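What follows is one structure encoded as structure tokens, with my remarks underneath.
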Amino acid sequence: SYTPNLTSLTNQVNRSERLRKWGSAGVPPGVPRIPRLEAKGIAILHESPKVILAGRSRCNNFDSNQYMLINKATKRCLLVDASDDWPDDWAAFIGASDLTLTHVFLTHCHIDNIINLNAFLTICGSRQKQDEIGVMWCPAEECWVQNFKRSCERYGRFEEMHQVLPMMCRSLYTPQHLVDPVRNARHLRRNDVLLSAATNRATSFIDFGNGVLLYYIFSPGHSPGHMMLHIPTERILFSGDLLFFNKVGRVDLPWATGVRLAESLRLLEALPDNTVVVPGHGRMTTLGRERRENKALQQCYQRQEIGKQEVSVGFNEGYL
Amino acid sequence: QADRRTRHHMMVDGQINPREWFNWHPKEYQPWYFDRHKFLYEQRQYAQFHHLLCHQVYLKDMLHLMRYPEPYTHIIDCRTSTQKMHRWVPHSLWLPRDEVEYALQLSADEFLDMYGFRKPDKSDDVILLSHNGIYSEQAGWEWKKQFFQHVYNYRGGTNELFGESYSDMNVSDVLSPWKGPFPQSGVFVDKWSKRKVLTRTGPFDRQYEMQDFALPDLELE
Amino acid sequence: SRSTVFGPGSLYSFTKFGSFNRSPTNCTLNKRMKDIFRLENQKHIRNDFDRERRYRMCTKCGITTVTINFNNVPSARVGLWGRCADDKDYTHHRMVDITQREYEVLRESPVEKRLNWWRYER
Amino acid sequence: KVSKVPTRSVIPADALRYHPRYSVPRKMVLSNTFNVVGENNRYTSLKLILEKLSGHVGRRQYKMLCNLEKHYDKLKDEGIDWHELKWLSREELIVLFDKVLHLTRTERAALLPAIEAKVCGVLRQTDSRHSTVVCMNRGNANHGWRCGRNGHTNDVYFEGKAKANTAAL
Amino acid sequence: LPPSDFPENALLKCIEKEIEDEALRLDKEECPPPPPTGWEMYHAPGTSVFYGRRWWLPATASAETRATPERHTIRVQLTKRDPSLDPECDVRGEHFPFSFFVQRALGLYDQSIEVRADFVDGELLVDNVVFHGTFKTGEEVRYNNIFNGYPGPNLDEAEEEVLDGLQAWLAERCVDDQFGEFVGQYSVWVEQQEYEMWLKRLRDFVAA
Amino acid sequence: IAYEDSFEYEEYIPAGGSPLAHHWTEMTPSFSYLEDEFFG
Amino acid sequence: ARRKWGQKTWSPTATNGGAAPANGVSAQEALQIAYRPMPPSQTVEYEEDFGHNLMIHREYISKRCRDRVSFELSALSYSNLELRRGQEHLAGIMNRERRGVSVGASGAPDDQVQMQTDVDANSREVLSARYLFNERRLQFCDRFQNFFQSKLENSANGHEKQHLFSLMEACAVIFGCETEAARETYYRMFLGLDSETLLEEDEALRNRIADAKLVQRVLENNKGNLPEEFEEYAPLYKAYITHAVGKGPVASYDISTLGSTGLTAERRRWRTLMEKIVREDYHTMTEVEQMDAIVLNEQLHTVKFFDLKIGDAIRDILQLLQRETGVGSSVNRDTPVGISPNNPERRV
Ligand SMILES: [Zn+2]
Ligand SMILES: [Zn+2]
Ligand SMILES: [Zn+2]
Ligand SMILES: [Zn+2]
């Protein structure tokens, strides 16, 4: 959780809470790795003349999902929110599909999204050995990168603790190392892009190839930097943690504001209803069904209509 | 009197907005034991000075040193207010508390010139008194700041010797209820953190603990 | 968090994001690109005459600075990205005042010529 | 197609309340001690109203100076209830306040808003098993000062339980 | 505006900007909105109250010999709102309160029937019927209090014969939903003309 | 000017309602009365 | 113009990358973002020309804030004392940022060392307070120990001991580094032996020597008997001379400059010895170097236990507040309560 200082140790309410939550143990059980039993295979969710969406549901005990976009022309694949307890099915799928992994998109840097990121990059680069995989992320998530170890402390992920994150290594946006004159696997990662919060419909896109454009949208509230993917030609909205089936993201975590989440839900009203929204957790829905049957959006627009200047919406129990 | 409302802007969260911004979080602070009955420097906020506390001489030791004094066991009065002293403790010398940090900086000749009695040697026993033992405790800390090996404190000196009911009149500085404190007036931090520090869960007479971080308990539900 | 309250790395620590390049290793530019980005050649201060201008010169790294309206806003953050002689801080300058006329004849010269003009001339 | 979000023109302020799941909260049924109205069960609505009238009030937590909890024991020793306190007339309250209770003029002033509104002493159901929620609606004389709403009809002491059965008590 | 002599250049240049874009906009009308027939609109240039006035003659049966002419007067006070409670308090809803005097045949609060109505969300909400002066009951009942006079009960609680007789008395007087729309239109024009005078008067005060 | 040809639709600013006060376009400091002294 | 709640006026696009072009911004477009229309009565503008390139700096601090804004957020220096101190306060904040990123994250993998720590909750004893080294640094550590065990086992604190352990452990961290920018941060963590602070001490030493020649010039010319190393006394002598002749109201009492000539000579002798072990030149040592090696090993042994003794002090307070309340219990006493144990009339 947090650092045990003098005030937290001399508090009886802390021991009372640790007795009430966890019984006689007092220590929270972590979020473990999914074993090789009760693990499902990779499903091909969508097939189109342009792209192919292949995904796997409940790949963590955080109950997150793992998706990959495949360009049919250029044979280039793109993982979004790379968090799978077994990134060996995905590397075998890429190698048996004759695909090239060039980038990994990250919506936000919570632990349910970047827990197995070094495993993804290492196994896919090792298969590429028989240009490295880049990472696309927003720099505000820097504040959630530094607490990757602490989040690995509380959720019992001890083997992923002592791992330098690839977003922390020196990119082209950073100063370079002045090495002794007498190496480049970790010293410089030239394939790295930093997304900007000024997202527009004109130039805020990634050229995926074959005329397919992936517009990233800056939508905070669950994170200081939270980037959705929008494919208007395929009507596909990778929302990440902003919007789910009949629910929205949490605000009861640090660096999460309810009015930022309300503005992020309000910047979504110009998309058509047949846009399939694809969340980071749970089952996928459409944006029209979320306009009709989601109570968080109903409360947001009702507070906006009755005259609330600072409309604050958000969940306190749900997905991280 | 008459239950003045205080001009601090602390407030409990409402029933409409969600709980957000968990990089600061107030919770109720309840320690294990009560400390209000104890001596003032034996309480919770002075625990780090616990090894700095002078050894206690008691009433029977003080009566035995009244009857049978020693040449180098110096009894020293640390009371400051001359209007509140009415009797003389026997074999005592007047060294008021608010001068002690200067008084031990003098030489022996300057001590004799500025106080009329000789400066005690660093191996001599020094015994301090006050009304309640509070000015004598601070004076004992100032005497132990210099390298004085044997410094003792009679807690409740004058009030148990002469049976008086006095006090050293320690203020324990608490802001007046018109004085608005720091975190309300200031742009030192962002607005979310300013709103989340100024909130509290319950009445504002008890103590609270500020959490610098929090993670959601995913294993409950 | 409580670890990021007092700087470095605090909220209003404006130098925690990065440093400037401060190197001739890229963007070799000409005299016209320096002239178009002069402070003194801008429109909004060309017709401004009541604010006070100060022209100073470093004797260690040999830079020429001009500061306007420092008497009304004396910010100590001004010039924090200066990066004196060999990656040193801007506390190492020891600036000396120069006039308006000898700022123009020294603005075009390189830093070694400025240091030679200071040491062996005037 | 862009579907509009279904809202309303006139909405009650109760619908502005917060739930962490944005859903209807659980209403757990009360414990088995409240199944029969007895002398142990009669004065639990009187105890919580006097507890709230002495505690802290508001978002700024204004402490009520007059402690009305000291008069709880002498009220239940006389056998009078909170529902029976609303049935007393004006002349029966001056006898009760001055002779028996010895209520001072400021303690009488902090209790009178609870008697002026005729608050229904019905324990509402809540998400927990132990309920400290009393219905604060104003009662009517046709339904025994029980406010006649949500099933509080003239003998209902607790929400979800049976009637008073005044032949026993 | 030299900055040595004038330290308020951030405000005087901003208010000179706000003079032009309030005049260079084409959404505003130069002419006042046209009132319904008979109504004459007065407005003092300094205040925020504008007055309406018309004469009227009712429908009088043949048994009576003479129809007395009436005096209809409209009094509108502009709505005030506090921005210090924003963004904490909610957005206050825009409504247009006005007063409708009726005097039979000389001031506003002597022998006059006063009815207060609220134009909110495209409809009139009649609130109170205030009397001023000595009237006949059934005896004489005098309402000589002009500030704290008895305004009558609110019409949500009033008796049904009082309601339908009043609306028949109000629809005959041509006071209805289309008349309240003009009061919503004329008060917007009055507040717009006061705002450009407020910007003009503020530039003379700050620059002096 | 229609909505799809607007500057607000170039970004993700909605068509009508409460202004997004924490959007980066609304956090951008405007001084239009001094614009003629700088960019003229 | 004036805005209404809920009503917005739509405006056309410029069709140049949106409001912020993600592809890039040219020099003439960024020139207008550079000289943005700030109000010039509350704006300071500044540019510096450094040979090839020049840097522009513009700050605007508003008028509705200067009574409530922090002194750190709005670093206004209304005096030359605030200018020199406010720059030096912002010196160390920036310098720790640009140095600290070289050894933590965004550092080279040979420049990142971690410590393992474990403190017993009952006995309050530190168990396994070691460093986390790699295979290259451990070969340096056993090259250190096998030489010194071959020299100190024949003559002379036991058999199982590590000779000059806190000196070689501080030198093994510096040895395994590959960046000189990450090397100087470890020299700063190890008693501040970095070249930034040693050139700072060398600058103040030559300034005191240049002031020592000035006081020597004044006292010889006035009279026409001195201490040995006058450069330590010269800041105190010159502070009186300016106070005596009338230019200056304060004479100095600060004796921190005394002993600094021998202190800074020891610091550069400590630094030269630290470089001598990293290049594996410890097979011969002068007797002056051997006295410095014993002193620096105990000085480096106590700086790595600063944080562990802080947590040791908090663990003292933890076991203190768990003690039994009251004056005690009669079961666990050797002394009666109302008297001293050394009282002659002890046993009644
Ligand atoms: Zn998340
Ligand atoms: Zn998630
Ligand atoms: Zn310089
Ligand atoms: Zn009820």
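Here, A, B, ... name the chains of the structure tokens in the order displayed, residue numbers run from 1 inside each chain, and ligands are numbered from 1 in the same displayed order.
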
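With only C-alpha atoms taken into account, the protein and nucleic acid residues at most 7 Å from residue 189 (chain A) (excluding it and anything under 3 positions from it in its own chain) are residues 170, 171, 186 and 192 of chain A.
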
Compile a residue-level contact table for chain G against chain A at a cut-off of 8 Å, reporting for every qualifying residue the shortest atom pair and its distance in Å to one decimal, with only C-alpha atoms counted, rows ordered by chain and ascending number, as a Markdown table.
| residue | atom | partner | partner_atom | distance |
| --- | --- | --- | --- | --- |
| G:17 | CA | A:203 | CA | 5.9 |
| G:18 | CA | A:202 | CA | 6.0 |
| G:19 | CA | A:200 | CA | 7.9 |
| G:20 | CA | A:198 | CA | 6.4 |
| G:21 | CA | A:203 | CA | 6.7 |
| G:22 | CA | A:203 | CA | 5.8 |
| G:23 | CA | A:203 | CA | 7.1 |
| G:105 | CA | A:168 | CA | 6.1 |
| G:106 | CA | A:169 | CA | 4.8 |
| G:107 | CA | A:169 | CA | 7.3 |
| G:108 | CA | A:187 | CA | 6.4 |
| G:109 | CA | A:186 | CA | 7.8 |
| G:178 | CA | A:179 | CA | 5.7 |
| G:179 | CA | A:179 | CA | 5.0 |
| G:180 | CA | A:178 | CA | 7.2 |
| G:181 | CA | A:178 | CA | 7.5 |
| G:314 | CA | A:6 | CA | 6.7 |
| G:318 | CA | A:10 | CA | 7.2 |

Export, as an mmCIF file, in the first residue's frame, the selected residues with N, CA and C atoms.
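The resulting file, again-v8.cif, is shown below:
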data_model
loop_
_atom_site.group_PDB
_atom_site.id
_atom_site.type_symbol
_atom_site.label_atom_id
_atom_site.label_comp_id
_atom_site.auth_asym_id
_atom_site.auth_seq_id
_atom_site.Cartn_x
_atom_site.Cartn_y
_atom_site.Cartn_z
ATOM 1 N N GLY G 17 -2.406 21.281 -39.189
ATOM 2 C CA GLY G 17 -2.105 20.344 -38.120
ATOM 3 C C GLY G 17 -3.008 20.408 -36.908
ATOM 4 N N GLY G 18 -4.185 21.014 -37.026
ATOM 5 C CA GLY G 18 -5.000 21.252 -35.853
ATOM 6 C C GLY G 18 -4.485 22.434 -35.051
ATOM 7 N N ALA G 19 -4.795 22.427 -33.753
ATOM 8 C CA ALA G 19 -4.282 23.479 -32.884
ATOM 9 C C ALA G 19 -2.805 23.270 -32.583
ATOM 10 N N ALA G 20 -2.396 22.023 -32.386
ATOM 11 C CA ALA G 20 -0.994 21.676 -32.169
ATOM 12 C C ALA G 20 -0.603 20.613 -33.181
ATOM 13 N N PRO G 21 0.259 20.927 -34.150
ATOM 14 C CA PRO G 21 0.628 19.941 -35.177
ATOM 15 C C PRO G 21 1.524 18.858 -34.598
ATOM 16 N N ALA G 22 1.077 17.608 -34.710
ATOM 17 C CA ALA G 22 1.853 16.483 -34.205
ATOM 18 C C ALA G 22 3.043 16.148 -35.090
ATOM 19 N N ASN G 23 3.028 16.575 -36.353
ATOM 20 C CA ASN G 23 4.138 16.277 -37.249
ATOM 21 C C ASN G 23 5.330 17.194 -37.013
ATOM 22 N N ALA G 105 16.878 4.976 -12.335
ATOM 23 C CA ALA G 105 16.346 4.663 -13.648
ATOM 24 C C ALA G 105 16.868 5.677 -14.658
ATOM 25 N N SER G 106 16.732 5.327 -15.942
ATOM 26 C CA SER G 106 17.374 6.012 -17.078
ATOM 27 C C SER G 106 18.885 6.127 -16.887
ATOM 28 N N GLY G 107 19.487 5.100 -16.282
ATOM 29 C CA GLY G 107 20.921 5.010 -16.146
ATOM 30 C C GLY G 107 21.422 3.748 -16.826
ATOM 31 N N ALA G 108 22.738 3.681 -16.992
ATOM 32 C CA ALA G 108 23.351 2.509 -17.589
ATOM 33 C C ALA G 108 23.229 1.317 -16.640
ATOM 34 N N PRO G 109 23.081 0.099 -17.176
ATOM 35 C CA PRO G 109 22.899 -1.073 -16.300
ATOM 36 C C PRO G 109 24.119 -1.431 -15.464
ATOM 37 N N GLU G 178 30.451 2.598 -15.932
ATOM 38 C CA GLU G 178 30.870 2.830 -17.304
ATOM 39 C C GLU G 178 30.638 4.254 -17.786
ATOM 40 N N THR G 179 29.982 5.098 -16.998
ATOM 41 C CA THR G 179 29.768 6.493 -17.350
ATOM 42 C C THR G 179 30.430 7.385 -16.310
ATOM 43 N N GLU G 180 31.181 8.384 -16.781
ATOM 44 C CA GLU G 180 31.826 9.323 -15.873
ATOM 45 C C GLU G 180 30.828 10.254 -15.200
ATOM 46 N N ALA G 181 29.655 10.462 -15.802
ATOM 47 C CA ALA G 181 28.627 11.263 -15.150
ATOM 48 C C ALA G 181 27.959 10.495 -14.019
ATOM 49 N N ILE G 314 13.630 5.143 14.996
ATOM 50 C CA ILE G 314 12.177 5.022 14.991
ATOM 51 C C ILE G 314 11.754 3.704 15.627
ATOM 52 N N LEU G 318 9.168 2.752 18.768
ATOM 53 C CA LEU G 318 8.118 1.747 18.630
ATOM 54 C C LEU G 318 8.068 0.823 19.840
#

Nearby residues (only C-alpha atoms) at most 10 Å from residue 69 (chain C), same-chain spacing under 5 positions excluded, as a JSON list (two decimals) with N, CA, C and O atoms, in the first residue's frame:
[["chain", "number", "residue", "atom", "x", "y", "z"],
["C", 50, "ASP", "N", 10.41, 52.50, -21.90],
["C", 50, "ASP", "CA", 10.43, 52.86, -20.49],
["C", 50, "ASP", "C", 10.96, 51.76, -19.59],
["C", 50, "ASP", "O", 11.39, 52.05, -18.47],
["C", 51, "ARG", "N", 10.93, 50.51, -20.04],
["C", 51, "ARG", "CA", 11.56, 49.44, -19.28],
["C", 51, "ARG", "C", 13.07, 49.49, -19.46],
["C", 51, "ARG", "O", 13.58, 49.88, -20.52],
["C", 52, "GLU", "N", 13.79, 49.11, -18.42],
["C", 52, "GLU", "CA", 15.24, 49.25, -18.39],
["C", 52, "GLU", "C", 15.92, 48.01, -18.97],
["C", 52, "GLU", "O", 15.48, 46.88, -18.72],
["C", 53, "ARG", "N", 16.96, 48.23, -19.76],
["C", 53, "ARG", "CA", 17.71, 47.17, -20.41],
["C", 53, "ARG", "C", 19.10, 47.09, -19.79],
["C", 53, "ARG", "O", 19.74, 48.11, -19.54],
["C", 54, "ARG", "N", 19.57, 45.87, -19.54],
["C", 54, "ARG", "CA", 20.89, 45.63, -19.00],
["C", 54, "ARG", "C", 21.65, 44.66, -19.89],
["C", 54, "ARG", "O", 21.17, 43.56, -20.16],
["C", 74, "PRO", "N", 12.15, 40.85, -10.77],
["C", 74, "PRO", "CA", 13.49, 40.26, -10.57],
["C", 74, "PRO", "C", 13.43, 38.78, -10.21],
["C", 74, "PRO", "O", 13.67, 38.35, -9.08],
["G", 40, "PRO", "N", 3.45, 43.30, -20.88],
["G", 40, "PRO", "CA", 4.86, 43.64, -20.66],
["G", 40, "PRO", "C", 5.15, 44.39, -19.37],
["G", 40, "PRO", "O", 6.33, 44.55, -19.02],
["G", 41, "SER", "N", 4.13, 44.86, -18.65],
["G", 41, "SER", "CA", 4.38, 45.51, -17.37],
["G", 41, "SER", "C", 4.76, 44.50, -16.29],
["G", 41, "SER", "O", 5.45, 44.86, -15.33],
["G", 42, "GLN", "N", 4.35, 43.24, -16.45],
["G", 42, "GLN", "CA", 4.66, 42.19, -15.50],
["G", 42, "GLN", "C", 5.47, 41.06, -16.13],
["G", 42, "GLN", "O", 5.42, 39.92, -15.65],
["G", 43, "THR", "N", 6.22, 41.35, -17.19],
["G", 43, "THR", "CA", 6.97, 40.34, -17.92],
["G", 43, "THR", "C", 8.44, 40.71, -17.95],
["G", 43, "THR", "O", 8.79, 41.87, -18.21],
["G", 44, "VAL", "N", 9.30, 39.74, -17.67],
["G", 44, "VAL", "CA", 10.74, 39.88, -17.85],
["G", 44, "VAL", "C", 11.17, 39.02, -19.03],
["G", 44, "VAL", "O", 10.75, 37.86, -19.16],
["G", 45, "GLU", "N", 11.93, 39.61, -19.94],
["G", 45, "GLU", "CA", 12.47, 38.91, -21.09],
["G", 45, "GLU", "C", 13.99, 38.93, -21.02],
["G", 45, "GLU", "O", 14.59, 39.90, -20.54],
["G", 46, "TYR", "N", 14.61, 37.85, -21.49],
["G", 46, "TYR", "CA", 16.04, 37.66, -21.33],
["G", 46, "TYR", "C", 16.54, 36.75, -22.44],
["G", 46, "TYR", "O", 15.92, 35.72, -22.72]]

For region 9-14 of chain F, please output as a VMD selection string all residues within 12 Å (counting only C-alpha atoms; exclusion window: fewer than 6 positions along the same chain). (chain A and resid 197 to 204 215 to 219 263 to 271) or (chain F and resid 1 to 3 20 to 26) or (chain G and resid 6 to 21)

Counting only C-alpha atoms, which residues in chain G sit no more than 9 Å from chain E? For each one, give the nearest pair of atoms and the distance in Å, sorted by chain then residue number, as JSON lines.
{"residue": "G:1", "atom": "CA", "partner": "E:22", "partner_atom": "CA", "distance": 5.8}
{"residue": "G:2", "atom": "CA", "partner": "E:22", "partner_atom": "CA", "distance": 8.4}
{"residue": "G:5", "atom": "CA", "partner": "E:91", "partner_atom": "CA", "distance": 8.2}
{"residue": "G:39", "atom": "CA", "partner": "E:10", "partner_atom": "CA", "distance": 6.8}
{"residue": "G:41", "atom": "CA", "partner": "E:3", "partner_atom": "CA", "distance": 7.3}

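Those residues of chain A that fall within 6 Å of chain D when using only C-alpha atoms read residues 272, 273, 288, 291, 292, 302, 315, 316 and 317 of chain A.
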
Residues from last step as file, C-alpha atoms, as a short mmCIF file (atom, residue, chain, number, x, y, z; two decimals), in the first residue's frame:
data_model
loop_
_atom_site.label_atom_id
_atom_site.label_comp_id
_atom_site.auth_asym_id
_atom_site.auth_seq_id
_atom_site.Cartn_x
_atom_site.Cartn_y
_atom_site.Cartn_z
CA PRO A 272 -21.53 6.81 -34.18
CA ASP A 273 -23.53 4.24 -32.24
CA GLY A 288 -24.93 3.35 -28.57
CA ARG A 291 -25.48 5.90 -24.46
CA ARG A 292 -28.75 4.08 -23.77
CA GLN A 302 -28.09 14.69 -15.85
CA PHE A 315 -16.51 4.30 -9.86
CA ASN A 316 -15.05 3.38 -6.50
CA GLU A 317 -15.36 -0.41 -6.87
#

Skipping near chain neighbours, those fewer than 5 positions away, what residues fall within 9 Å of residue 193 (chain E) using only C-alpha atoms, listed as an MDAnalysis selection string? chainID E and resid 45 188 198

Which residues sit within 6 Å of ligand 4, counting only C-alpha atoms and all ligand atoms, listed as a ChimeraX atom specification? /D:120,122,135,137,146-147,149,152

Would you name the residues within 12 Å of ligand 3, counting only C-alpha atoms and all ligand atoms, and put them as a ChimeraX atom specification? /C:56-65,79-96,111,115 /G:48-50

Write the selection just made, keeping N, CA and C atoms, as an mmCIF file, in the first residue's frame?
data_model
loop_
_atom_site.group_PDB
_atom_site.id
_atom_site.type_symbol
_atom_site.label_atom_id
_atom_site.label_comp_id
_atom_site.auth_asym_id
_atom_site.auth_seq_id
_atom_site.Cartn_x
_atom_site.Cartn_y
_atom_site.Cartn_z
ATOM 1 N N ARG C 56 25.062 42.525 -20.230
ATOM 2 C CA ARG C 56 26.144 41.975 -19.432
ATOM 3 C C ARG C 56 26.918 40.942 -20.241
ATOM 4 N N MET C 57 28.126 40.649 -19.770
ATOM 5 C CA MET C 57 29.046 39.737 -20.433
ATOM 6 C C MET C 57 29.702 38.846 -19.395
ATOM 7 N N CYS C 58 29.723 37.540 -19.644
ATOM 8 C CA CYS C 58 30.474 36.632 -18.791
ATOM 9 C C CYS C 58 31.948 36.665 -19.169
ATOM 10 N N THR C 59 32.814 36.573 -18.168
ATOM 11 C CA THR C 59 34.250 36.536 -18.396
ATOM 12 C C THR C 59 34.823 35.130 -18.299
ATOM 13 N N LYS C 60 33.988 34.129 -18.028
ATOM 14 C CA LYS C 60 34.419 32.743 -17.914
ATOM 15 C C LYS C 60 34.045 31.913 -19.133
ATOM 16 N N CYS C 61 32.767 31.894 -19.510
ATOM 17 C CA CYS C 61 32.347 31.228 -20.736
ATOM 18 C C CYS C 61 32.180 32.187 -21.903
ATOM 19 N N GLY C 62 32.091 33.487 -21.642
ATOM 20 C CA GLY C 62 32.066 34.471 -22.703
ATOM 21 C C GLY C 62 30.746 34.587 -23.433
ATOM 22 N N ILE C 63 29.647 34.706 -22.697
ATOM 23 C CA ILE C 63 28.339 34.894 -23.304
ATOM 24 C C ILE C 63 27.917 36.339 -23.102
ATOM 25 N N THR C 64 27.030 36.800 -23.977
ATOM 26 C CA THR C 64 26.484 38.150 -23.920
ATOM 27 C C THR C 64 24.994 38.047 -23.641
ATOM 28 N N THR C 65 24.550 38.665 -22.553
ATOM 29 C CA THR C 65 23.160 38.617 -22.134
ATOM 30 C C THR C 65 22.562 40.014 -22.155
ATOM 31 N N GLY C 79 17.677 32.656 -16.438
ATOM 32 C CA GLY C 79 19.001 32.203 -16.792
ATOM 33 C C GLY C 79 19.438 30.914 -16.143
ATOM 34 N N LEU C 80 18.508 30.160 -15.542
ATOM 35 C CA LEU C 80 18.851 28.930 -14.831
ATOM 36 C C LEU C 80 19.359 27.855 -15.784
ATOM 37 N N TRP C 81 18.960 27.926 -17.053
ATOM 38 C CA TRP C 81 19.425 27.024 -18.095
ATOM 39 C C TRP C 81 20.653 27.566 -18.820
ATOM 40 N N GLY C 82 21.493 28.336 -18.122
ATOM 41 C CA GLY C 82 22.591 29.026 -18.783
ATOM 42 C C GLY C 82 23.731 28.103 -19.171
ATOM 43 N N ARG C 83 24.137 27.220 -18.248
ATOM 44 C CA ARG C 83 25.147 26.175 -18.459
ATOM 45 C C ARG C 83 26.504 26.766 -18.862
ATOM 46 N N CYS C 84 27.140 27.391 -17.873
ATOM 47 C CA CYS C 84 28.435 28.050 -18.026
ATOM 48 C C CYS C 84 29.552 27.035 -18.315
ATOM 49 N N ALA C 85 30.792 27.550 -18.340
ATOM 50 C CA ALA C 85 31.910 27.152 -19.203
ATOM 51 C C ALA C 85 32.006 25.678 -19.586
ATOM 52 N N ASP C 86 32.036 24.781 -18.604
ATOM 53 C CA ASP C 86 32.039 23.343 -18.880
ATOM 54 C C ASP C 86 30.981 22.662 -18.010
ATOM 55 N N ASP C 87 29.731 22.711 -18.493
ATOM 56 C CA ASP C 87 28.544 22.127 -17.848
ATOM 57 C C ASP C 87 28.356 22.618 -16.412
ATOM 58 N N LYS C 88 28.775 23.848 -16.140
ATOM 59 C CA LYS C 88 28.654 24.427 -14.815
ATOM 60 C C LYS C 88 27.315 25.133 -14.674
ATOM 61 N N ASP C 89 26.989 25.494 -13.442
ATOM 62 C CA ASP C 89 25.744 26.199 -13.218
ATOM 63 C C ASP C 89 25.901 27.674 -13.578
ATOM 64 N N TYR C 90 24.768 28.365 -13.625
ATOM 65 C CA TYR C 90 24.720 29.798 -13.867
ATOM 66 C C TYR C 90 25.027 30.633 -12.631
ATOM 67 N N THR C 91 25.452 30.012 -11.534
ATOM 68 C CA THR C 91 26.051 30.739 -10.424
ATOM 69 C C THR C 91 27.531 31.019 -10.641
ATOM 70 N N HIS C 92 28.119 30.485 -11.712
ATOM 71 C CA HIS C 92 29.544 30.595 -11.986
ATOM 72 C C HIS C 92 29.876 31.654 -13.033
ATOM 73 N N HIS C 93 28.959 32.582 -13.317
ATOM 74 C CA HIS C 93 29.163 33.487 -14.446
ATOM 75 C C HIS C 93 30.163 34.599 -14.152
ATOM 76 N N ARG C 94 29.936 35.362 -13.081
ATOM 77 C CA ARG C 94 30.626 36.624 -12.775
ATOM 78 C C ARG C 94 30.518 37.598 -13.954
ATOM 79 N N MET C 95 29.282 38.031 -14.189
ATOM 80 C CA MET C 95 28.984 38.945 -15.284
ATOM 81 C C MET C 95 29.528 40.339 -15.002
ATOM 82 N N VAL C 96 29.912 41.034 -16.067
ATOM 83 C CA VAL C 96 30.339 42.426 -16.013
ATOM 84 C C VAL C 96 29.491 43.217 -17.005
ATOM 85 N N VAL C 111 32.785 33.046 -29.002
ATOM 86 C CA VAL C 111 33.076 33.204 -27.580
ATOM 87 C C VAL C 111 34.564 33.401 -27.302
ATOM 88 N N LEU C 115 36.228 36.589 -25.365
ATOM 89 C CA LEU C 115 37.148 36.465 -24.238
ATOM 90 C C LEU C 115 38.485 37.138 -24.522
ATOM 91 N N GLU G 48 20.427 35.114 -24.033
ATOM 92 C CA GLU G 48 21.872 34.977 -23.941
ATOM 93 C C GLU G 48 22.386 34.385 -25.242
ATOM 94 N N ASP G 49 23.487 34.929 -25.742
ATOM 95 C CA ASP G 49 24.114 34.445 -26.963
ATOM 96 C C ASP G 49 25.357 33.655 -26.579
ATOM 97 N N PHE G 50 25.389 32.376 -26.937
ATOM 98 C CA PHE G 50 26.530 31.523 -26.622
ATOM 99 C C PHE G 50 27.115 31.016 -27.934
#

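For ligand 1, the neighbouring polymer residues at 10 Å or closer are residues 64, 107, 108, 109, 110, 111, 112, 113, 221, 222, 223, 226, 240, 241, 242, 249, 250, 251, 253, 256, 280, 281, 319 and 320 of chain A, only C-alpha atoms and all ligand atoms being used.
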
Only residues of chain G matter here; which ones have an atom within 10 Å of chain C, counting only C-alpha atoms? Give them as a PyMOL selection string. chain G and resi 27-28+31+34-38+40-61+72-80+82-98+100+196

I need the contact residues of chain A against chain B, so if you could list those with any atom within 8 Å, counting only C-alpha atoms, and return them as an MDAnalysis selection string, that would help. chainID A and resid 1:3 7:8 10:13 21 28:31 151 154 251:258 312:317 320

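The smallest atom-to-atom distance between chain C and any of A:210, A:77, A:144, A:136, using only C-alpha atoms, is found for A:144.
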